[PDB]
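Before any questions on how it binds or moves, here is one chain, the form solved without the named molecule, in structure tokens.
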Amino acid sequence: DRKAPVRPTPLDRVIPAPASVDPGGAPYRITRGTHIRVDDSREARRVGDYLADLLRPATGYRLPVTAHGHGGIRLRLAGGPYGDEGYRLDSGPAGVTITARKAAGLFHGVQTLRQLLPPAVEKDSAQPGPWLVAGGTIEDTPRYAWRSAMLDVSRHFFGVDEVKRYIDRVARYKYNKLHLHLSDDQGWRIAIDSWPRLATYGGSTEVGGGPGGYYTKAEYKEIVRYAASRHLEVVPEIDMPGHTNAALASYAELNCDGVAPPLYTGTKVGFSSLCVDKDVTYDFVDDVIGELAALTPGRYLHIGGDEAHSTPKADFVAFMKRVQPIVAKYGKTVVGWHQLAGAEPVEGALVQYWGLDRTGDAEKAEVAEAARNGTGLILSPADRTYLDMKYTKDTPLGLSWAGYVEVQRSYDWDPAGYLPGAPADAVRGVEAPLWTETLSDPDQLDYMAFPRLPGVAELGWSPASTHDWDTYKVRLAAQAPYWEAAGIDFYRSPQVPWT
């Protein structure tokens, strides 16, 4: 009865593990007449409609969303110790009630509810159910405020609809930030009016050659809007001064030798660099960041700074000293890969650490020192949360430069004590980056994203006290029938006792 269990799934069997789970009494059962009661506000109804849309196909129920009556499923905004993202979920014969201070909390409560319901809820045609929700109470709040997933649309381009699909994948686990790697050596994916060729030429191809692609301003705004409706703050990234071949290949003048390199379709890194000794370079950067910031309602702007191996140390430091201020100039907070920690991060900046267990002490110290100086840390170790890394030597897709990363390794660590000497309070959260040198379609993205994606979300959300591989793998194993019913391909790791 994998698809439709006789009894409801345990109240604590959800990912991320809830802060507090108190099971008790009989469960709630959704029946044909169940109404979704929300507050009389736009944001409230919005979450109600989102929930109704998720349940209608599989249940075949009307599930009307209204601001009157005593609906069996109630989403209510009220005071409480839940912060901006927490919530309380009460379930019993009298109905299911999700309480929170803000819509995001209600949205998160919904993500938990869809896991309490049976796997059949993932189907697109009416199913028998039963639509049971274990009885009891759940009180849940996040451990970290930065819980993101990155999608590389530069190596291989993915259109608006494919991005919306990935957004839906991550929304399941309460991620609250979507980092978009909009430019690299193989492509420039965002239209910049002041520099037209970046998109028309720099976005004309991708890894492996052939058609590339890019988002017009309108398409990008639609991605931001859709992400916002899924409570994901979009963090755009324009990598610099390295990983800039797409831009350099579009405008000869940006190159040190004034010659435009060919468009790049390979899968290597570290060979490109903006010309630090040219003034036009900083006019370019200012134009790009200014236009990007205007399309960014979010608080952050990622300027990369990784693998600038064709940029001498002194030039890198000089380049960053000059460009970081451009971000604040356009009202945003700067974010960069941890290489930025070696180039004096400006006040309020955050750095994304992608080091590994084997990384040298000097490099780790430089990052820990930045944390000591007030720089926020986003943890995404290459040998832990890089979703493009192979599970084993036999994985058909992905890379292996950071070694192999099975499910347990990806999950089995604590962000608070991860980086030696780094102040725990400097850790803002975690991120799961999905690079695409080897991925060209949505299904390949799923196979490499799952089943590690949920684990990273837990590290960012759940209390350290709930962290435990032996019990976590049981909760992960339970997702199998849900992913199968949803058509989500995933690596069936031998470390997980799949249900």
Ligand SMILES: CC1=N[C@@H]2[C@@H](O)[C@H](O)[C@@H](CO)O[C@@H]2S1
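Residue positions are given as counts along the sequence shown, with the first one as 1.
We do not show the form deposited with the named molecule bound, though everything after this point is about it.
The named molecule isn't shown here, but in the bound PDB entry, which of 52 to 60, 434 to 442, 453 to 461, 470 to 478 has heavy atoms within 4.5 Å of it? This holds for exactly one stretch, 434 to 442.
Heavy atom within 4.5 Å of the named molecule in the bound PDB entry: which of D388, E122, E206, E85 fits that? Just give me the one. Checking each option against the named molecule in the bound PDB entry, the one that comes within 4.5 Å is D388.
Just one of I167, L399, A426, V276 has a heavy atom within 4.5 angstroms of the named molecule in the bound PDB entry, so which one? The option sitting close enough to the partner is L399.
With the cut-off set at 4.5 Å between non-hydrogen atoms, does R155 touch the named molecule in the bound PDB entry? Taking the distances in the bound PDB entry, the answer for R155 is yes, it comes within 4.5 Å of the named molecule.
May I ask you to check whether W337 falls inside a 4.5 Å heavy atom distance of the named molecule in the bound PDB entry? Contact check for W337: yes, within 4.5 Å of the named molecule in the bound PDB entry.
Non-hydrogen atom contact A416 with the named molecule in the bound PDB entry at 4.5 angstroms: Taking the distances in the bound PDB entry, the answer for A416 is no, it never comes within 4.5 Å of the named molecule.
Does the named molecule come within 4.5 Å of any heavy atom of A318 in the bound PDB entry? It does not: once the named molecule is placed as it appears in the bound PDB entry, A318 has no heavy atom within 4.5 Å of it.
Which residues in 240 to 278 have a heavy atom within 4.5 Å of the named molecule in the bound PDB entry? Residues within 4.5 Å: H243, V269.
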